[PDB]
file start04.cif (mmCIF, N, CA, C and O atoms)
data_data
#
loop_
_atom_site.label_atom_id
_atom_site.label_comp_id
_atom_site.auth_asym_id
_atom_site.auth_seq_id
_atom_site.Cartn_x
_atom_site.Cartn_y
_atom_site.Cartn_z
N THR A 2442 -12.62 7.08 -38.64
CA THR A 2442 -12.03 5.75 -38.70
C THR A 2442 -10.64 5.84 -39.31
O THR A 2442 -10.42 6.57 -40.28
N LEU A 2443 -9.70 5.07 -38.74
CA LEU A 2443 -8.28 5.08 -39.11
C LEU A 2443 -7.82 3.66 -39.39
O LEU A 2443 -7.40 2.94 -38.47
N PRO A 2444 -7.91 3.20 -40.64
CA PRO A 2444 -7.53 1.81 -40.98
C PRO A 2444 -6.08 1.64 -41.46
O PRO A 2444 -5.79 1.25 -42.59
N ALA A 2445 -5.13 1.91 -40.58
CA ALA A 2445 -3.73 1.76 -40.90
C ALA A 2445 -3.21 0.46 -40.29
O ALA A 2445 -3.92 -0.25 -39.59
N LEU A 2446 -1.94 0.16 -40.58
CA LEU A 2446 -1.29 -0.99 -39.97
C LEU A 2446 -0.98 -0.62 -38.52
O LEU A 2446 0.04 -0.01 -38.21
N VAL A 2447 -1.90 -0.98 -37.64
CA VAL A 2447 -1.80 -0.67 -36.22
C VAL A 2447 -1.68 -1.99 -35.47
O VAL A 2447 -2.44 -2.93 -35.71
N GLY A 2448 -0.69 -2.07 -34.58
CA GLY A 2448 -0.47 -3.26 -33.81
C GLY A 2448 -0.87 -3.07 -32.37
O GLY A 2448 -1.21 -1.97 -31.94
N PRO A 2449 -0.84 -4.15 -31.59
CA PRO A 2449 -1.16 -4.04 -30.17
C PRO A 2449 -0.19 -3.12 -29.46
O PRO A 2449 0.96 -2.92 -29.88
N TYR A 2450 -0.69 -2.51 -28.38
CA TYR A 2450 0.06 -1.61 -27.51
C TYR A 2450 0.32 -0.26 -28.17
O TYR A 2450 1.00 0.60 -27.60
N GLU A 2451 -0.23 -0.05 -29.36
CA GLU A 2451 -0.06 1.18 -30.12
C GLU A 2451 -1.29 2.04 -29.92
O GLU A 2451 -2.42 1.57 -30.06
N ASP A 2452 -1.08 3.32 -29.60
CA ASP A 2452 -2.16 4.24 -29.29
C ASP A 2452 -2.06 5.47 -30.19
O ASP A 2452 -1.29 6.39 -29.91
N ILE A 2453 -2.87 5.48 -31.26
CA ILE A 2453 -2.92 6.60 -32.19
C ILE A 2453 -3.26 7.87 -31.42
O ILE A 2453 -3.89 7.83 -30.36
N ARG A 2454 -2.81 9.01 -31.93
CA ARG A 2454 -3.04 10.29 -31.27
C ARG A 2454 -3.38 11.33 -32.33
O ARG A 2454 -2.49 11.89 -32.98
N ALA A 2455 -4.67 11.61 -32.48
CA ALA A 2455 -5.15 12.61 -33.43
C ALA A 2455 -6.05 13.59 -32.70
O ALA A 2455 -6.60 13.29 -31.64
N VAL A 2456 -6.17 14.79 -33.27
CA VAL A 2456 -7.03 15.83 -32.71
C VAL A 2456 -7.82 16.45 -33.85
O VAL A 2456 -7.24 16.84 -34.87
N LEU A 2457 -9.13 16.54 -33.69
CA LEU A 2457 -9.96 17.30 -34.60
C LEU A 2457 -10.29 18.63 -33.95
O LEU A 2457 -10.55 18.69 -32.74
N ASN A 2458 -10.27 19.70 -34.75
CA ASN A 2458 -10.58 21.03 -34.27
C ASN A 2458 -11.46 21.73 -35.28
O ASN A 2458 -11.43 21.40 -36.47
N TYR A 2459 -12.27 22.67 -34.82
CA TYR A 2459 -13.03 23.53 -35.71
C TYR A 2459 -12.72 24.98 -35.38
O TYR A 2459 -12.86 25.41 -34.24
N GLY A 2460 -12.30 25.73 -36.40
CA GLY A 2460 -11.91 27.11 -36.22
C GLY A 2460 -12.85 28.05 -36.95
O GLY A 2460 -12.41 28.92 -37.71
N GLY A 2461 -14.15 27.86 -36.76
CA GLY A 2461 -15.15 28.65 -37.44
C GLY A 2461 -15.43 29.98 -36.77
O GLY A 2461 -15.04 30.25 -35.63
N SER A 2462 -16.15 30.83 -37.51
CA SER A 2462 -16.52 32.15 -37.00
C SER A 2462 -17.51 32.03 -35.85
O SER A 2462 -17.32 32.65 -34.79
N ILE A 2463 -18.58 31.25 -36.03
CA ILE A 2463 -19.53 31.04 -34.95
C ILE A 2463 -18.85 30.24 -33.84
O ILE A 2463 -18.22 29.21 -34.09
N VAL A 2464 -18.97 30.73 -32.61
CA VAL A 2464 -18.27 30.15 -31.48
C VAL A 2464 -19.32 29.68 -30.48
O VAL A 2464 -20.01 30.49 -29.85
N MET A 2465 -19.45 28.36 -30.35
CA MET A 2465 -20.26 27.75 -29.32
C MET A 2465 -19.36 27.34 -28.15
O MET A 2465 -18.23 26.90 -28.35
N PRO A 2466 -19.84 27.50 -26.91
CA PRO A 2466 -18.95 27.43 -25.75
C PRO A 2466 -18.14 26.14 -25.67
O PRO A 2466 -18.53 25.10 -26.19
N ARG A 2467 -17.00 26.25 -24.99
CA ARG A 2467 -16.03 25.16 -24.93
C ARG A 2467 -16.64 23.88 -24.38
O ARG A 2467 -17.71 23.89 -23.77
N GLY A 2468 -15.94 22.78 -24.61
CA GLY A 2468 -16.41 21.47 -24.23
C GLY A 2468 -16.63 20.61 -25.45
O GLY A 2468 -16.55 19.38 -25.39
N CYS A 2469 -16.88 21.27 -26.58
CA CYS A 2469 -17.25 20.58 -27.80
C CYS A 2469 -16.64 21.16 -29.07
O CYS A 2469 -16.98 20.70 -30.16
N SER A 2470 -15.76 22.15 -28.97
CA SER A 2470 -15.19 22.74 -30.17
C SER A 2470 -14.05 21.92 -30.74
O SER A 2470 -13.66 22.14 -31.89
N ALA A 2471 -13.50 20.98 -29.98
CA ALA A 2471 -12.42 20.13 -30.45
C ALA A 2471 -12.53 18.77 -29.77
O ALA A 2471 -13.15 18.65 -28.71
N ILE A 2472 -11.94 17.75 -30.40
CA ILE A 2472 -12.02 16.39 -29.89
C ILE A 2472 -10.70 15.67 -30.14
O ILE A 2472 -9.89 16.08 -30.96
N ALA A 2473 -10.51 14.58 -29.40
CA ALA A 2473 -9.35 13.72 -29.53
C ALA A 2473 -9.72 12.43 -30.26
O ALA A 2473 -10.89 12.13 -30.50
N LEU A 2474 -8.68 11.68 -30.61
CA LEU A 2474 -8.81 10.41 -31.32
C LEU A 2474 -7.67 9.51 -30.88
O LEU A 2474 -6.50 9.87 -31.04
N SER A 2475 -8.01 8.34 -30.34
CA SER A 2475 -7.04 7.49 -29.67
C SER A 2475 -6.83 6.16 -30.38
O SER A 2475 -5.68 5.80 -30.66
N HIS A 2476 -7.89 5.42 -30.67
CA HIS A 2476 -7.74 4.15 -31.36
C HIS A 2476 -8.26 4.19 -32.79
O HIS A 2476 -7.78 3.42 -33.63
N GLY A 2477 -9.22 5.06 -33.08
CA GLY A 2477 -9.65 5.29 -34.44
C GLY A 2477 -10.54 4.22 -35.03
O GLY A 2477 -10.95 4.36 -36.19
N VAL A 2478 -10.85 3.17 -34.29
CA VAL A 2478 -11.65 2.08 -34.84
C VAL A 2478 -13.11 2.44 -34.72
O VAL A 2478 -13.79 2.05 -33.76
N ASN A 2479 -13.62 3.19 -35.69
CA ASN A 2479 -14.95 3.79 -35.61
C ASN A 2479 -15.09 4.58 -34.31
O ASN A 2479 -16.13 4.56 -33.65
N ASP A 2480 -14.02 5.28 -33.95
CA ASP A 2480 -14.04 6.04 -32.71
C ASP A 2480 -14.80 7.34 -32.89
O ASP A 2480 -14.51 8.14 -33.79
N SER A 2481 -15.79 7.55 -32.03
CA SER A 2481 -16.54 8.80 -31.98
C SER A 2481 -15.94 9.79 -31.01
O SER A 2481 -16.49 10.88 -30.83
N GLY A 2482 -14.82 9.44 -30.38
CA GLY A 2482 -14.19 10.33 -29.43
C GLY A 2482 -14.87 10.41 -28.08
O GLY A 2482 -14.48 11.24 -27.26
N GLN A 2483 -15.87 9.58 -27.84
CA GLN A 2483 -16.55 9.55 -26.55
C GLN A 2483 -16.66 8.11 -26.08
O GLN A 2483 -16.76 7.19 -26.89
N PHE A 2484 -16.65 7.93 -24.77
CA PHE A 2484 -16.75 6.58 -24.22
C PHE A 2484 -18.14 5.99 -24.43
O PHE A 2484 -18.33 4.77 -24.30
N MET A 2485 -19.12 6.83 -24.75
CA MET A 2485 -20.45 6.38 -25.11
C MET A 2485 -20.90 7.06 -26.40
O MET A 2485 -20.61 8.24 -26.63
N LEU A 2486 -21.63 6.32 -27.23
CA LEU A 2486 -22.32 6.90 -28.38
C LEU A 2486 -23.77 7.09 -27.97
O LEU A 2486 -24.64 6.26 -28.25
N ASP A 2487 -24.04 8.20 -27.29
CA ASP A 2487 -25.37 8.52 -26.82
C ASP A 2487 -25.86 9.76 -27.54
O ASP A 2487 -25.14 10.76 -27.61
N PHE A 2488 -27.06 9.69 -28.09
CA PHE A 2488 -27.70 10.84 -28.70
C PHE A 2488 -28.82 11.40 -27.83
O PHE A 2488 -29.53 12.31 -28.27
N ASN A 2489 -28.99 10.87 -26.62
CA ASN A 2489 -29.94 11.39 -25.65
C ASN A 2489 -29.26 12.26 -24.60
O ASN A 2489 -29.85 12.56 -23.56
N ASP A 2490 -28.01 12.65 -24.85
CA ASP A 2490 -27.22 13.34 -23.85
C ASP A 2490 -27.88 14.63 -23.43
O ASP A 2490 -28.26 15.46 -24.26
N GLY B 2393 13.35 -16.87 -3.56
CA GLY B 2393 12.27 -16.59 -2.62
C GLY B 2393 11.99 -15.12 -2.42
O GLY B 2393 10.96 -14.75 -1.84
N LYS B 2394 12.90 -14.26 -2.89
CA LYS B 2394 12.80 -12.83 -2.65
C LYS B 2394 13.68 -12.10 -3.65
O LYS B 2394 14.85 -12.45 -3.80
N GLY B 2395 13.12 -11.10 -4.31
CA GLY B 2395 13.88 -10.29 -5.24
C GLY B 2395 13.35 -8.87 -5.28
O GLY B 2395 12.18 -8.61 -5.01
N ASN B 2396 14.25 -7.95 -5.62
CA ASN B 2396 13.91 -6.53 -5.66
C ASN B 2396 14.72 -5.86 -6.76
O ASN B 2396 15.94 -6.04 -6.82
N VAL B 2397 14.05 -5.11 -7.62
CA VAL B 2397 14.73 -4.32 -8.65
C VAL B 2397 13.90 -3.08 -8.93
O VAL B 2397 12.67 -3.15 -9.08
N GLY B 2398 14.56 -1.94 -9.01
CA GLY B 2398 13.91 -0.68 -9.29
C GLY B 2398 14.15 0.34 -8.20
O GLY B 2398 14.75 0.07 -7.16
N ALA B 2399 13.63 1.53 -8.45
CA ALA B 2399 13.80 2.67 -7.56
C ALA B 2399 12.44 3.09 -7.02
O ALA B 2399 11.39 2.55 -7.37
N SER B 2400 12.48 4.10 -6.15
CA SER B 2400 11.27 4.62 -5.54
C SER B 2400 10.27 5.00 -6.62
O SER B 2400 10.60 5.70 -7.58
N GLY B 2401 9.04 4.52 -6.46
CA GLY B 2401 7.99 4.75 -7.42
C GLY B 2401 7.91 3.69 -8.49
O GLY B 2401 6.82 3.23 -8.82
N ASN B 2402 9.06 3.26 -9.02
CA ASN B 2402 9.10 2.28 -10.11
C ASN B 2402 9.91 1.10 -9.59
O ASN B 2402 11.13 1.04 -9.76
N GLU B 2403 9.22 0.17 -8.95
CA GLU B 2403 9.93 -0.89 -8.24
C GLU B 2403 9.14 -2.18 -8.28
O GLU B 2403 7.94 -2.20 -8.02
N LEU B 2404 9.84 -3.27 -8.58
CA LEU B 2404 9.29 -4.61 -8.51
C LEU B 2404 9.97 -5.33 -7.36
O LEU B 2404 11.19 -5.21 -7.18
N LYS B 2405 9.20 -6.06 -6.56
CA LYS B 2405 9.77 -6.75 -5.42
C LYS B 2405 8.83 -7.86 -4.98
O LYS B 2405 7.68 -7.94 -5.41
N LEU B 2406 9.35 -8.73 -4.11
CA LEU B 2406 8.57 -9.79 -3.48
C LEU B 2406 8.62 -9.56 -1.98
O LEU B 2406 9.69 -9.64 -1.37
N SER B 2407 7.47 -9.30 -1.37
CA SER B 2407 7.39 -9.16 0.07
C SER B 2407 6.47 -10.23 0.63
O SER B 2407 5.37 -10.45 0.12
N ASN B 2408 6.94 -10.92 1.67
CA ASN B 2408 6.19 -11.99 2.34
C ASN B 2408 5.78 -13.01 1.28
O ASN B 2408 6.68 -13.56 0.62
N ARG B 2409 4.50 -13.29 1.08
CA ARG B 2409 4.05 -14.29 0.12
C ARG B 2409 3.54 -13.65 -1.17
O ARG B 2409 3.00 -14.35 -2.04
N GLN B 2410 3.73 -12.35 -1.33
CA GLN B 2410 3.11 -11.59 -2.40
C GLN B 2410 4.18 -10.86 -3.18
O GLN B 2410 5.32 -10.72 -2.73
N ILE B 2411 3.80 -10.41 -4.37
CA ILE B 2411 4.70 -9.69 -5.27
C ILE B 2411 4.07 -8.34 -5.58
O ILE B 2411 2.88 -8.26 -5.90
N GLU B 2412 4.87 -7.28 -5.49
CA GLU B 2412 4.40 -5.91 -5.67
C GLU B 2412 5.18 -5.24 -6.79
O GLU B 2412 6.41 -5.33 -6.84
N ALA B 2413 4.46 -4.56 -7.68
CA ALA B 2413 5.09 -3.78 -8.73
C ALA B 2413 4.46 -2.39 -8.71
O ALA B 2413 3.27 -2.25 -9.00
N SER B 2414 5.25 -1.39 -8.35
CA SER B 2414 4.78 -0.03 -8.23
C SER B 2414 5.29 0.79 -9.41
O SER B 2414 6.46 0.69 -9.78
N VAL B 2415 4.40 1.61 -9.96
CA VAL B 2415 4.67 2.50 -11.07
C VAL B 2415 4.50 3.92 -10.58
O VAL B 2415 3.42 4.28 -10.08
N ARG B 2416 5.54 4.73 -10.71
CA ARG B 2416 5.43 6.14 -10.40
C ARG B 2416 4.63 6.83 -11.50
O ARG B 2416 4.92 6.68 -12.69
N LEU B 2417 3.63 7.60 -11.08
CA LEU B 2417 2.74 8.22 -12.05
C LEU B 2417 3.47 9.26 -12.89
O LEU B 2417 3.33 9.29 -14.12
N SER B 2418 4.26 10.11 -12.24
CA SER B 2418 4.97 11.16 -12.97
C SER B 2418 5.93 10.58 -13.99
O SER B 2418 6.29 11.25 -14.96
N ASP B 2419 6.35 9.33 -13.79
CA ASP B 2419 7.22 8.65 -14.75
C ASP B 2419 6.55 8.43 -16.09
O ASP B 2419 7.24 8.33 -17.11
N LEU B 2420 5.22 8.39 -16.12
CA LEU B 2420 4.53 7.94 -17.33
C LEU B 2420 4.47 9.01 -18.41
O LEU B 2420 4.24 8.68 -19.57
N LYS B 2421 4.69 10.28 -18.05
CA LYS B 2421 4.83 11.37 -19.01
C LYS B 2421 3.58 11.52 -19.89
O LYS B 2421 3.59 11.24 -21.09
N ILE B 2422 2.48 11.95 -19.27
CA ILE B 2422 1.24 12.11 -20.03
C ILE B 2422 1.07 13.54 -20.51
O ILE B 2422 0.39 13.80 -21.52
N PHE B 2423 1.69 14.50 -19.83
CA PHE B 2423 1.84 15.83 -20.41
C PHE B 2423 2.41 15.77 -21.82
O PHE B 2423 1.91 16.45 -22.72
N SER B 2424 3.42 14.94 -22.04
CA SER B 2424 4.07 14.91 -23.34
C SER B 2424 3.24 14.24 -24.42
O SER B 2424 3.53 14.43 -25.60
N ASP B 2425 2.20 13.49 -24.05
CA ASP B 2425 1.41 12.77 -25.05
C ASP B 2425 0.68 13.73 -25.98
O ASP B 2425 0.60 13.49 -27.19
N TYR B 2426 0.12 14.81 -25.43
CA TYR B 2426 -0.59 15.78 -26.24
C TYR B 2426 -0.11 17.19 -25.91
O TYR B 2426 0.30 17.46 -24.78
N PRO B 2427 -0.17 18.09 -26.89
CA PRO B 2427 0.33 19.45 -26.65
C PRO B 2427 -0.49 20.16 -25.59
O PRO B 2427 -1.70 19.95 -25.46
N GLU B 2428 0.18 21.04 -24.84
CA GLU B 2428 -0.50 21.79 -23.80
C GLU B 2428 -1.61 22.67 -24.36
O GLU B 2428 -2.51 23.05 -23.61
N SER B 2429 -1.59 22.96 -25.65
CA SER B 2429 -2.70 23.67 -26.26
C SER B 2429 -4.00 22.93 -26.00
O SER B 2429 -4.03 21.70 -25.92
N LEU B 2430 -5.08 23.71 -25.83
CA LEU B 2430 -6.43 23.20 -25.60
C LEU B 2430 -6.50 22.19 -24.45
O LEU B 2430 -7.42 21.37 -24.38
N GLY B 2431 -5.55 22.26 -23.53
CA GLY B 2431 -5.64 21.50 -22.30
C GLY B 2431 -4.80 22.08 -21.18
O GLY B 2431 -3.59 22.23 -21.33
N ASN B 2432 -5.43 22.38 -20.05
CA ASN B 2432 -4.74 23.02 -18.94
C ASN B 2432 -4.57 22.08 -17.76
O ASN B 2432 -3.44 21.86 -17.30
N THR B 2433 -5.66 21.51 -17.25
CA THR B 2433 -5.61 20.57 -16.14
C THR B 2433 -5.91 19.18 -16.66
O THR B 2433 -7.01 18.92 -17.17
N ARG B 2434 -4.94 18.29 -16.54
CA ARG B 2434 -5.09 16.90 -16.96
C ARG B 2434 -5.09 16.02 -15.72
O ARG B 2434 -4.25 16.18 -14.83
N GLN B 2435 -6.04 15.09 -15.67
CA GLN B 2435 -6.13 14.20 -14.53
C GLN B 2435 -6.75 12.88 -14.96
O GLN B 2435 -7.59 12.83 -15.86
N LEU B 2436 -6.32 11.81 -14.30
CA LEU B 2436 -6.75 10.47 -14.65
C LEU B 2436 -8.05 10.16 -13.94
O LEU B 2436 -8.30 10.63 -12.82
N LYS B 2437 -8.90 9.36 -14.59
CA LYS B 2437 -10.20 9.03 -14.03
C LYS B 2437 -10.62 7.58 -14.17
O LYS B 2437 -11.56 7.19 -13.48
N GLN B 2438 -9.99 6.77 -15.02
CA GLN B 2438 -10.42 5.39 -15.19
C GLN B 2438 -9.22 4.50 -15.44
O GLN B 2438 -8.32 4.86 -16.20
N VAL B 2439 -9.25 3.32 -14.84
CA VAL B 2439 -8.20 2.32 -14.99
C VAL B 2439 -8.84 0.97 -15.27
O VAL B 2439 -9.68 0.50 -14.49
N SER B 2440 -8.43 0.33 -16.37
CA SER B 2440 -8.78 -1.05 -16.64
C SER B 2440 -7.50 -1.84 -16.90
O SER B 2440 -6.49 -1.28 -17.34
N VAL B 2441 -7.54 -3.13 -16.61
CA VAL B 2441 -6.36 -3.97 -16.66
C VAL B 2441 -6.65 -5.18 -17.53
O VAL B 2441 -7.74 -5.75 -17.47
#
call {"tool": "encode", "arguments": {"input": "start04.cif", "output": "structure tokens"}}
result
Amino acid sequence: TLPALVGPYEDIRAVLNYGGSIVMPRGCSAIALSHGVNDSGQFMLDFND
Amino acid sequence: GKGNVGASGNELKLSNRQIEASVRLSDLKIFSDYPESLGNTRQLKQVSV
């Protein structure tokens, strides 16, 4: 979550990465962050994936 | 009754009874939004208005 002074038409741009020793295949080692309003980085919050 | 402003790809105009506004995709510069690191092929998939 990113609670800054954000106005309309503004699109935050953050990236989370993990650089650990254990390497699990790509697709999930890094994620983006666009609006930050309790953003999970996915268009769905599904735990049955 | 009729107006036109803009260039190929990025053009607003009035044709017949309708008004058309075209946006050139390459104009939008989405490569520049995020670093080429951790991304090779970028492509659009969803549009909401």
call {"tool": "atom_distance", "arguments": {"input": "start04.cif", "atom1": "CA of residue 2480 (chain A)", "atom2": "CA of residue 2457 (chain A)"}}
result
12.1 Å
call {"tool": "atom_distance", "arguments": {"input": "start04.cif", "atom1": "atom N of residue 2406 (chain B)", "atom2": "atom O of residue 2438 (chain B)"}}
result
25.4 Å
call {"tool": "interface_residues", "arguments": {"input": "start04.cif", "of": "chain B", "to": "chain A", "cutoff": "9 Å", "atoms": "only C-alpha atoms", "output": "PDB file with N, CA, C and O atoms, keeping the file's coordinate frame"}}
result
ATOM      1  N   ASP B2425       2.200  13.490 -24.050  1.00  0.00           N
ATOM      2  CA  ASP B2425       1.410  12.770 -25.050  1.00  0.00           C
ATOM      3  C   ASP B2425       0.680  13.730 -25.980  1.00  0.00           C
ATOM      4  O   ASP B2425       0.600  13.490 -27.190  1.00  0.00           O
ATOM      5  N   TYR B2426       0.120  14.810 -25.430  1.00  0.00           N
ATOM      6  CA  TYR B2426      -0.590  15.780 -26.240  1.00  0.00           C
ATOM      7  C   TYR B2426      -0.110  17.190 -25.910  1.00  0.00           C
ATOM      8  O   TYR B2426       0.300  17.460 -24.780  1.00  0.00           O
ATOM      9  N   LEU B2430      -5.080  23.710 -25.830  1.00  0.00           N
ATOM     10  CA  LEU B2430      -6.430  23.200 -25.600  1.00  0.00           C
ATOM     11  C   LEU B2430      -6.500  22.190 -24.450  1.00  0.00           C
ATOM     12  O   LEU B2430      -7.420  21.370 -24.380  1.00  0.00           O
TER      13      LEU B2430
END
call {"tool": "select_by_dssp", "arguments": {"input": "start04.cif", "residues": "region 2395-2441 of chain B", "states": "strand (DSSP E)", "output": "list in words"}}
result
residues 2396, 2397, 2398, 2399, 2402, 2403, 2404, 2405, 2406, 2407, 2410, 2411, 2412, 2413 and 2414 of chain B
call {"tool": "residues_around", "arguments": {"input": "start04.cif", "residues": "residue 2418 (chain B)", "least_positions_apart": "3", "cutoff": "12 Å", "atoms": "only C-alpha atoms", "output": "list in words"}}
result
residues 2400, 2401, 2402, 2415, 2421, 2422, 2423, 2424, 2435 and 2436 of chain B
call {"tool": "resolve_selection", "arguments": {"input": "start04.cif", "expression": "the PyMOL selection byres ((chain B and resi 2394) around 8)", "output": "JSON, numbers by chain"}}
result
{"B": [2393, 2395, 2396, 2405, 2406, 2407, 2408, 2410]}
call {"tool": "atom_distance", "arguments": {"input": "start04.cif", "atom1": "CA of residue 2420 (chain B)", "atom2": "CA of residue 2446 (chain A)"}}
result
25.0 Å
call {"tool": "select_by_dssp", "arguments": {"input": "start04.cif", "residues": "region 2397-2435 of chain B", "states": "helix (DSSP H, G or I)", "output": "number ranges by chain"}}
result
B: 2418-2420, 2423-2425
